[PDB]
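In what follows, every chain begins at residue 1, and chains take the letters A, B, ... in the order their sequences are listed. Just so you know, these numbers use all the heavy atoms, side chains as well, and skip hydrogens, waters and symmetry mates.
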Amino acid sequence: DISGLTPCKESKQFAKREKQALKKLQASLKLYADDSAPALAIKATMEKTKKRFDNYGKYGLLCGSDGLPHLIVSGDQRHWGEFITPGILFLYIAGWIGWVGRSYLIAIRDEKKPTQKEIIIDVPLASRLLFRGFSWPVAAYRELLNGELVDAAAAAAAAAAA
Amino acid sequence: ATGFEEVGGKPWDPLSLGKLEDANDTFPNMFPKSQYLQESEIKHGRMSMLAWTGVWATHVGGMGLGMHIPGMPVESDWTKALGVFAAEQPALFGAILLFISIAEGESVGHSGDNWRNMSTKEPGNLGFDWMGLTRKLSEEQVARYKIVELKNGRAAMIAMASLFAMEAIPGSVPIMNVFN
Amino acid sequence: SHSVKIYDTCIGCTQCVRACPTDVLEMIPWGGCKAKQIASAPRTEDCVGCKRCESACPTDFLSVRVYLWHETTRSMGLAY
Amino acid sequence: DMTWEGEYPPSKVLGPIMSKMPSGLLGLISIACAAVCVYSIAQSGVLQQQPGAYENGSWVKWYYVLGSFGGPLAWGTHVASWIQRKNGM
Amino acid sequence: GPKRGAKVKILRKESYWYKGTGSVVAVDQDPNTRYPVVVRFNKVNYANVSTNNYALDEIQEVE
Amino acid sequence: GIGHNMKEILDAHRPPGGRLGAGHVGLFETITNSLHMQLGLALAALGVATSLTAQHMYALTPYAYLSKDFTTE
Amino acid sequence: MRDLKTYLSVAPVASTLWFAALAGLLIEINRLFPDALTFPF
Ligand code: CLA
Ligand code: CLA
Ligand code: CLA
Ligand code: CLA
Ligand SMILES: CCCCCCCCCCCCCCCC(=O)OC[C@H](COP(=O)(O)OC[C@@H](O)CO)OC(=O)CCCCCCCCCCCCCCC
Ligand SMILES: CC(=O)O[C@H]1CC(C)(C)C(=C=C/C(C)=C/C=C/C(C)=C/C=C/C=C(C)/C=C/C=C(\C)C(=O)C[C@@]23O[C@]2(C)C[C@@H](O)CC3(C)C)[C@](C)(O)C1
Ligand SMILES: CC(=O)O[C@H]1CC(C)(C)C(=C=C/C(C)=C/C=C/C(C)=C/C=C/C=C(C)/C=C/C=C(\C)C(=O)C[C@@]23O[C@]2(C)C[C@@H](O)CC3(C)C)[C@](C)(O)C1
Ligand SMILES: CC1=C(/C=C/C(C)=C/C=C/C(C)=C/C=C/C=C(C)/C=C/C=C(C)/C=C/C2=C(C)CCCC2(C)C)C(C)(C)CCC1
Ligand code: SF4
Ligand code: SF4
């Protein structure tokens, strides 16, 4: 496949990693009696470990000669779950914070003491604003084609140079 | 008669794409002026009216047309029909491409900047009124056939988008799964 | 020695003269501002260059200004 | 003297020979240059493909190389023609 | 020119508040003063100073 | 007689779109009347060049037996 | 107790409560849906 990689369910070296990770925890398990808390903890760890290899095998990830999963970010839609889909997710949450935080500064600006409300949050007002950023791509778009997103060039102070 | 009969008699610009380039001072001439957007819409419409009729007239069987110029290559689908014709008929393909290249270059060579409202021509006005039409018709008809050309351009652009989507997404337009 | 220049935006509030640790500046009569007095730099050769005068000037930008100059024994601040 | 204002540059930028010339001649010349460049390139490619003509760099010919050099000339001439047309020439 | 209470924009380039807005407080009527206009601001500069004197050709009026 | 004038080249390059402002008018005087700009352009090209020689030498070894003496490479 | 409420609205107290709620948000999701390298789950 891409870059001469093989899928992880068919990699001979990915399977060896699964065995040696389980063998290491089994040889630690043998020094304890079967009902005790260290034996139940290591038994639960080998279940977590065994479920970690099974998950990847059917995942659809690509392995190398090293036996480790690789990620593809060319833009292929077949490997979307690797970068695109968690990427769109992060953009939604990061742009949500920046939008909401900016709404707050603009709101408390027209006031006697704007600086007072940055060290001591008006929580009822802040709480209201935080959840209005769920539709930010629409709200950031309405202000771009209004004139309320970016200011004019005669409103920004500039260094003597330019 | 107005061009807006299907959207309520008002200019359909949701997403305000004509107002951009004027909303802010921040990209100086990086979005197209009204004159350039008006020629793009006329040109995309005219290429779509020809291309839909092309894929409709060469489709064999089904509803289809199966009409075929004698001597040209028999090709079933429109998706590969260009590259077969480009390899087999170099002289005919090169003369069509040169004709398109000159006429499309002449469109802008005599007039000013289009991207900026500095063109001095009406958008869509290529010197092809050979029939002498609009010199014999009156102003109500001439303004009317412009809107006729526009909406038929607009129906064909959506058609060409359907024709693209059915081959990239196999269940996209369902009225063509049946129609073939 | 160092160079100390005084611009016309001087409002004459005597704060540079009170801050100078080596008696370089003084206040003189002037008829261009409310206080009718401007700072002057008559003894720039005692100037050590510590810029305390500019930390005291209230105008924006400063009315008093110190520029680095050739160093003598006096501006080096030596006691030997 | 070279600096210009407005939509199009003055005729003097083209040079002494070019400014005198009419737009039509320049456009025709540019088209001819373009034809020569493409044909020459195609011929060179055919020679490269051909057996017994490509050995030891035999495919390279002086005339084809001249046409290849001529592609840039075709672009410049067309630009000059546009400028001439703009200056009402 | 401005009056008392007018909102102006600073046109001095080396000022901290170039292209920035603020409020006229006192205009010295005596024209021997070179910078007759006290203009106050709500944000401080790097020396934590809140006001400055200006000439009439260095301030613009907003509305 | 034949040939270009550098100043006449630079003054004519202002795209009519107006995006680059006045274009390159005045650059001819600023380069000739200043050695620090000349020195800065010369140092930038040599720094790209000696960096380019470091990458091409290890990949396309030009000298007989290079890339054998591991230390020298 | 309107002064304790203004004390609970000061920036460092709100920052630690917000972070405590948000670290524990991520810890809880990593407790039920662990080892999610990607969407494959
Ligand atoms: C590329 C083609 C194109 C272009 C340049 C224009 C240009 C214009 N149209 Mg127009 N239009 C088009 C196609 C186009 N139209 C189609 C197909 C329809 C039918 C739905 C219409 C219906 C229409 C109406 C009813 C009106 C306009 C109006 C306008 C004008 C202002 C709006 C504007 O600036 O948007 C142009 C800006 C763009 C960025 C165009 C690109 C569109 C983006 C990229 C979305 C495309 C997504 C696409 C569907 C995905 C493909 C599907 C599939 C393959 C995945 C302007 C002259 C208004 C007008 O005349 O006001 C006076 C008006 O009211 N148009
Ligand atoms: C460390 C990583 C990290 C992560 C993962 C997050 C994650 C999040 N932050 Mg945080 N944050 C962080 C660090 C982080 N933050 C840091 C370092 C700071 C600086 C101090 C902040 C500052 C901060 C602020 C101020 C805010 C956030 C908020 C948010 C949330 C925005 C998205 C959301 O509310 O849910 C997604 C919600 C949806 C997708 C709902 C969709 C919209 C509804 C209408 C659809 C309804 C669908 C329906 C219910 C479905 C049921 C149907 C049924 C049939 C199934 C999100 C949980 C915001 C928040 O908490 O929200 C109130 C918020 O205001 N963050
Ligand atoms: C738009 C003009 C145009 C273009 C682009 C071409 C291009 C081509 N023709 Mg063609 N042709 C044309 C007009 C044109 N022709 C006309 C008007 C006729 C007469 C009716 C012919 C008759 C003709 C015959 C009889 C044959 C070709 C062949 C070819 C191919 C050359 C061989 C090859 O592999 O390419 C070599 C590579 C190139 C040409 C690319 C070089 C491009 C460089 C970067 C320079 C740019 C070109 C130029 C300066 C710009 C043109 C300006 C123009 C718009 C005014 C090539 C695809 C031959 C072929 O192999 O058939 C497939 C062949 O047998 N043509
Ligand atoms: C950057 C190169 C370049 C430049 C500056 C020009 C300039 C011009 N061309 Mg020309 N042209 C070019 C390439 C170029 N052409 C190419 C590649 C072809 C195809 C072979 C043509 C074919 C052509 C025709 C047929 C005609 C012109 C005409 C004209 C003139 C005005 C009308 C016009 O621009 O519409 C033409 C618009 C285009 C060709 C758009 C394509 C532009 C190129 C391909 C984009 C690449 C630019 C890119 C940003 C550069 C990046 C820099 C670097 C990274 C390489 C003008 C002098 C007309 C004329 O003679 O004046 C009356 C005319 O009729 N051109
Ligand atoms: C990118 C960083 C590189 C390092 C910096 C070096 C400087 C490089 C910048 C110079 C070029 C700037 C070009 C932009 C600014 C710019 O070009 O504006 C100006 C430029 C030409 O305008 P002029 O000022 O020359 O005006 C000429 C007209 O007035 C006609 O007379 O516009 C163009 O059309 C350029 C050529 C094609 C431009 C578009 C075609 C290219 C297609 C690219 C595909 C787009 C992606 C679409 C995705 C869907
Ligand atoms: C479906 C089907 O099968 O159909 C067939 C046939 C069909 C439609 C024909 C086909 C085609 C080929 C096409 C479309 C070819 C198009 C060719 C084209 C578009 C050629 C323009 C030339 C412009 C010129 C010379 C302009 C001169 C302009 C002149 C001379 C002027 O001076 C104009 C002037 O204006 C001013 C400035 C001011 C006015 O006051 C005065 C006048 C008016 C004098 C297809 C694609 O094959 C399909
Ligand atoms: C009498 C009258 O009115 O006539 C009318 C006729 C007509 C048609 C109506 C008119 C028109 C329009 C015209 C003439 C339009 C012309 C357009 C034209 C001719 C556009 C060329 C572009 C060339 C390019 C981009 C070259 C690139 C060349 C490149 C990128 C190269 O690097 C070449 C090269 O790399 C090779 C390939 C390899 C090497 O071996 C050599 C080198 C390295 C250097 C006019 C103007 O109205 C006048
Ligand atoms: C500050 C200053 C200065 C300086 C500057 C500098 C130092 C700069 C640098 C710069 C740089 C350092 C640059 C670089 C660049 C580079 C480039 C731009 C590249 C290019 C490339 C290309 C374009 C392409 C390529 C290619 C080819 C050719 C083919 C093959 C492939 C490829 C595609 C890769 C001066 C002196 C002016 C003065 C004033 C101030
Ligand atoms: S630089 Fe120091 S010593 Fe000199 S005048 Fe200013 S405050 Fe006084
Ligand atoms: S220079 Fe500064 S400290 Fe000295 S008198 Fe003027 S305003 Fe006062």
Side-chain angles (χ1 to χ4, degrees), chain A residues 1-2 60 72-79 81-88 91-92 94-107 109-110 133-162, chain B residues 3-4 6-42 44 77 79-80 113-118 123 154 157-158 160-174 176-177:
Chain A
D1 222 350
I2 342 188
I72 302 298
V73 295
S74 64
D76 274 340
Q77 296 286 351
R78 26 194 216 106
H79 294 281
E82 300 183 347
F83 182 75
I84 299 150
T85 300
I88 272 142
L91 290 185
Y92 182 74
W96 177 323
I97 295 151
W99 187 254
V100 145
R102 185 190 116 111
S103 228
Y104 183 78
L105 305 162
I106 275 191
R109 179 176 297 170
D110 291 331
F134 84 90
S135 77
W136 70 264
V138 177
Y141 199 84
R142 318 244 258 213
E143 294 182 355
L144 180 62
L145 293 175
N146 189 0
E148 294 294 328
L149 184 63
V150 345
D151 45 278
Chain B
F4 294 101
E6 294 84 2
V7 175
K10 291 182 181 179
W12 183 65
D13 192 1
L15 294 177
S16 295
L17 294 175
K19 293 181 180 179
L20 181 63
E21 182 64 26
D22 291 331
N24 291 315
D25 62 356
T26 186
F27 284 91
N29 289 316
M30 294 299 291
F31 293 101
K33 281 306 227 271
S34 45
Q35 292 178 358
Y36 182 80
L37 294 173
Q38 290 176 1
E39 186 179 358
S40 296
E41 184 180 2
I42 296 169
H44 277 80
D77 62 357
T79 300
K80 293 184 264 73
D113 190 358
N114 202 169
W115 182 262
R116 304 179 289 147
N117 290 319
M118 293 177 71
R154 289 177 183 176
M157 291 186 283
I158 297 168
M160 294 299 293
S162 297
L163 273 299
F164 292 165
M166 67 174 282
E167 292 179 354
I169 296 95
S172 66
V173 64
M176 296 297 293
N177 249 359

B:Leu17 portion near chain A, given a 4.5 angstrom heavy-atom threshold
side chain
Which donor-acceptor pairs lie under 3.5 Å between chain B and chain A?
from    : atom 1 : to       : atom 2 : distance (Å)
B:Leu15 : O      : A:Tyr141 : OH     : 3.4
B:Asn24 : ND2    : A:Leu144 : O      : 3.2
B:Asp25 : OD2    : A:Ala153 : N      : 3.2

Contact part of A:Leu144 toward chain B, heavy-atom cut-off under 4.5 Å: side chain, backbone, both or neither?
both
